[PDB]
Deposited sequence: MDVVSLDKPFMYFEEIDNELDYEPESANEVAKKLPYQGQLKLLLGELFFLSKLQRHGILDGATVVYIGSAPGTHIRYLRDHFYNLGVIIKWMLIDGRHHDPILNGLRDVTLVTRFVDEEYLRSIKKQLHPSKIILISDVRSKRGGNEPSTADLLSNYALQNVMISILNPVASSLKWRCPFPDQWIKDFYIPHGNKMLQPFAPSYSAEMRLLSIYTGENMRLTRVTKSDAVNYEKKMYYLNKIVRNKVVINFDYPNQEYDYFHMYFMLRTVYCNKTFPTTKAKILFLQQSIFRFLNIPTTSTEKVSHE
């Protein structure tokens, strides 16, 4: 891995400043855990996580979600979880009174009834639904996620966002405004991000040129940026993904006090890796 010297990683897609012509155990749970710890801890900074209800659609198996609960439960934040998926959840989510497990594939009708029974409580939406996927599949998925936002009307949302490849384009489509969070420990050449929105919902047109820009910026990120060693980085592991994770984990609150920020992040990573059984 070529060495580099960085003050900060690329946190959002917009920050990628170059492009290139495209050519761990249970790492998926770690990717989701970090991204949702980042999202929900940003909402905790804005004082809008407390009292809300996280509706997580496409949450199964959702092993990492148990860490998410326990984290915010141990911080005293009052959160109710509603995990909705047609598949069965990881049994480690069992026996939690503040976590509701729902075995159902959501549609427009069922989103209406969810909203009725949670209204007027704050809803926070995390969607990870998926139906290799074609562009029609992605378009249907993203149409469903817009439907989720229009009906649930969440105070914030984190949406699975991967632009369809330019060589598989079908038509222009619309997604909500928001910041496109980059995911550490994503698969080596994944172009998936999490669309993070805080609602105060305007839709944005996505064009085939955007698809090209995504494909080229993410390839530069995956081929060049993520294969670097951050030599100035003071951490037991200086590979970019750990540098990336480190900056996400410092937005996380914690009840315990540490002599240094590095001490905190190290403890957090130790706690996350241990629970997910990562060496």
Going from the first residue of the deposited sequence to the last, where are the unmodelled runs? 24-33, 142-146, 216-218, 298-307
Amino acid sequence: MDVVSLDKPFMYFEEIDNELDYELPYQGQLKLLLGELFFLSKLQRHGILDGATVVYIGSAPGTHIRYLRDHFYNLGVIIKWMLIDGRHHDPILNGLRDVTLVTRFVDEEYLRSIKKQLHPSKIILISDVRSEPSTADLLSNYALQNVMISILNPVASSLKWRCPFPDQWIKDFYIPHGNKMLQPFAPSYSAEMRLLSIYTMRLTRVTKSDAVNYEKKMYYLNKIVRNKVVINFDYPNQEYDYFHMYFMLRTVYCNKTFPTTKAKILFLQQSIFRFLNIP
From here on, numbers count along this sequence of modelled residues.
Average Cα temperature factor in the PDB entry - higher stretch of 239-247, 214-222: 214-222
Mean C-alpha B factor from the entry: is it higher for 164-172 or for 90-98? 164-172
Considering only 107, 85, 192, 132, which residue's Cα atom bears the greatest B-factor as recorded? 132
Scanning 140, 103, 197, 113 for peak Cα temperature factor in the entry gives 140
Residue 268 CA temperature factor, ranked by third within the chain: middle
Ranking the modelled residues of this chain by C-alpha B-factor as given in the entry, is residue 46 in the lowest, middle or highest third? highest
Within this chain's modelled residues, let me know which third the CA B factor of residue 126 belongs to: lowest, middle or highest. lowest
Place residue 75 in the lowest, middle or highest third of its chain's C-alpha B-factors, as listed in the PDB entry. middle
Of the three thirds of its chain by CA temperature factor, lowest, middle or highest, which one includes residue 228? highest
